[PDB]
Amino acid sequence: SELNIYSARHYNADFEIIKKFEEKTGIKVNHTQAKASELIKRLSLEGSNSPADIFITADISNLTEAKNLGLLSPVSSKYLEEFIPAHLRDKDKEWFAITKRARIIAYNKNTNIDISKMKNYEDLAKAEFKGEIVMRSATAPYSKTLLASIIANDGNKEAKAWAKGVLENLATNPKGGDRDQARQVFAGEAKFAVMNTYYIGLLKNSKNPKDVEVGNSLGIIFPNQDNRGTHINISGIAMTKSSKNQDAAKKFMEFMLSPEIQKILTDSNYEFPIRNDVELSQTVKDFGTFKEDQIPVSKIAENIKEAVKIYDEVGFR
């Protein structure tokens, strides 16, 4: 049992990546998957005695929460610092992006839909869109971090108004993740879905013909193009403080930023690579170009508590 990974990622593409690491290094990987909230509690209760070496997330704020709970340890790697831009890794060297993703607003491009008035995140909360929006639970990392970014940019008053309006505008109570919101848009149960870009790729390229149809129907609004740009989040990685296979851990972290693995992440999981010398997959190119929010993801995550607070006060959960 040579490397223990606790991962909140939820993608079949990761199995190939793991196997590739094992074949390269001879290290066997023990892969545990659960919700980030459950992995953080588990690392908290296991403490110093945890078998965990690596914590992997699909969200910045999950990494920062683990950090701020003393659950991680710094890794100083020339390899990671050379290929990951400073804005996409912890100043204190305890977490590191492996990919980027954008949380966008999707519509059914196989319909005539006026998207002229759905340009910014704030537009989701607008009375005119009552009954026309779908979004997953406020307890989801993607949901919490998106609201954190709205607080970071617009402050808590506007953020609360936004959360209230979104709640009031939901076509249905939240059910499932991003792909279920996409299915709702395909089916005509809602006009707009808040979702991550890579799910569009996963759907368009799915083994399931029904999901291919859903994916093929989706058009992308990259919100806030006229101003601050679209919300970016990261999938990221850290060494746990509990790590006893630290050699292997640092090897795996560097491996995640290697050319072939960054290529798999965009080719097979439709995410944006962190490395600036890896070609995007054709599906990802097809999402189109867009302006990104320039706020550091670390600063977003500083507003995570107020995000959970607001969602609670407004009546989510």
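Throughout, we count residues from 1 along the sequence that is shown.
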{"query": "Selected stretch [higher average CA B-factor]: 98-106 or 179-187", "finding": "179-187"}
{"query": "Mean C-alpha temperature factor, higher of 47-55 and 267-275", "finding": "47-55"}
{"query": "Which of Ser149, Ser217, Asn112, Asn233 ranks first by CA B-factor in the deposited coordinates", "finding": "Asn112"}
{"query": "Top Cα B factor in the deposited entry, candidates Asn205, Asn245, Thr145, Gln225", "finding": "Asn245"}
{"query": "B-factor third for the C-alpha atom of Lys285 within its chain", "finding": "lowest"}
{"query": "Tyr311 - Cα temperature factor, lowest/middle/highest third of chain", "finding": "middle"}
{"query": "For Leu88, the third of its chain into which the C-alpha B factor falls", "finding": "lowest"}
{"query": "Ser116 - Cα temperature factor, lowest/middle/highest third of chain", "finding": "highest"}
{"query": "Where the record places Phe21 (Cα B-factor, split into thirds across the chain)", "finding": "middle"}
